Every structure is written in C-alpha cells, then in structure tokens.
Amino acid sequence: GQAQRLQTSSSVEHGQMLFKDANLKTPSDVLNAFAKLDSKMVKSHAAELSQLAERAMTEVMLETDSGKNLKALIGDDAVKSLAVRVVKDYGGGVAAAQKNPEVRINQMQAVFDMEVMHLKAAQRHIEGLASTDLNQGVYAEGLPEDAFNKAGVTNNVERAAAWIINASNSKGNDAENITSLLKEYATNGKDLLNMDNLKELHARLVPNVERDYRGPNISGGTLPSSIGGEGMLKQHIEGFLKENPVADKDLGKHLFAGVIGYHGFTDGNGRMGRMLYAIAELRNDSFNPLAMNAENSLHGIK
C-alpha cells in the first residue's frame, strides 16, 4: 500500500513498488517513468505521485554538481531541507514530471548555482576577517560613551546592555529582557559555537519572530536563502571557527560578522550579532562598543 511504499529508503524502491518495475534503478529512471503513466492512473494516484515526484526530484538534485557544492558549504541536513523547498517551488509537480523533468532539473541547478554564488560571496568576506588586523583602523573604531550610555554606568555588563539596547532602539520590557539575557549568558558557561544553543538564545531574545522560508534570490539580489544563511552560520561557528581558532579578544567580532553577514536568522540578526559580540567581550573581561564603521566592515552588508 501507499503507507508501505512511503517508508522505503528512497524514491527508487518507492517507484519500483508503485510502477511495478524492478528495472527502475535511479531517481532519474523513476522520473522518466512518469511520462509513461496512463491518464486515469495519474488521476487516481495524484497524491502519492506528487510525493514520489518530489522525492525523486530531491534525490536527483542532491547528486548534481551544485547540490554537492551546497552540501560542501552547509552540510547534508541543510542542503536536503533546501532541496525540498526548491523542488516544491520550481519542480512543477506531477505534471512537469510527466512532461519535461529535465527542463525542471536544469532550471533548479541554476537556482542552486545562484545560491552557491551568494553564500560564497559572503564567505569570502567573512572568512577573510581571519586574515585581517581587527585591532587597527575601522575594525577598531569605537563609540563615544554618550551615544549609548548617557547614564554613565561603569560596569562592563551594564555598558554592553546599554549598547545593545540603544542599537535596537529597545524599550521597556524588551530592553529589560536584553539586559537579563546578557547577564544570564555572561555567567552560564553556554557554548556559543553551537547553532542549537544560538537558536535557543535567539528564541528568547527575539520572541515570536516569524520563521517563514525565504528561497534563493535569482532576481539579482544577493541575500542567502533562509536555509542557506542559517547553514552557513552553523558551519561558521561549529566548523570554521574551530579549525581556525581566533583570539578571545576577536571572537566577538567574528560572531557578529557571521550572524549578520550570513543572515543566519530570518529576523533579529542585528540583535543576535550584537548580543553575541557583547557576550564574547564580557567573557573576556572587557567591553569595547563597535563604531558603525566597524560594524559595516565586519558584516560587509551593503
């Protein structure tokens, strides 16, 4: 039955079962079979055929050169999630599987290639910071106390809170939450180089942010897809910053650059980036507020 077929390990066994064809050996073979289906069969099994087309298109896409390029950048889970959404958006469902799957597969490789280009453009800038002097020039430029700390507090945790609060134009209860979270992560020993930990912080810092999918920009824009940007942030902190360790006094900068520069969240990137910078600073017994020039140099967004 359909329920049995859905639990197969891939579209190949699923197709073999549904199409009663043991000669189907690849996901391309499965897609090529769609043109051969009689019209009544296509109507009576429309729901399952939509699932199977999506599974087979996804599998084909993950083995393309661009699919492997994305895998290299953001890893298996993230590329699979992305591949499914692109197939849903561009794959054309059962009707396109019947009529012209190769056209769809080609179009989706162009979508993936655009995404790869955009992630790599951010990556050149962000990983480039590991070879720049972040203590001179703009990378060093600071903010006058009076711009964010009118009250004139001296304790570094309160100064960092004021800086974050001012940058987010945060008020009342929202500002109190920023302050509480900062104190909490300054002292809780939680590993920042862990995307799960960052998503938990983000959820409390930016409550009821909307989590909606944003796909690759193929219109001229360079914004990463939502999945792509989150995958790059994850690989940045769990991979790049571990293989190429940075100095404690520079970690905040690299976290700030990574979050905002890769667009690691659907919203509240600025708040997260500043919160991670401040936490890194405080754990290094310091707090140096960033000049706007320095923020712009770090995240590289224009």
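The first residue of the shown sequence is 1; numbering continues from there.
Of the two segments, 270-278 and 37-45, the one listed with the higher mean B-factor is 37-45 (C-alpha atoms only).
Comparing the deposited coordinates for 223-231 and 179-187, the stretch with the larger average C-alpha B-factor is 179-187.
Going by the entry's values, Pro245 shows the largest Cα B-factor out of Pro245, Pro27, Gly252, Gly264. Take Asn100, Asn166, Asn194, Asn156 and read off each C-alpha B-factor from the entry; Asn100 has the highest. Among the modelled residues of the chain, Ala151 sits in the highest third by CA temperature factor in this PDB entry.
Ranked by Cα temperature factor within the chain, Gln109 sits in the middle third according to the deposited record.
Ranked within its chain, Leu119 lands in the lowest third, by CA B factor from the PDB record.
Among the modelled residues of its chain, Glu141 has a C-alpha B-factor that falls in the highest third according to the deposited record. Among the modelled residues of its chain, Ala95 has a C-alpha B-factor that falls in the highest third, as given in the PDB entry.
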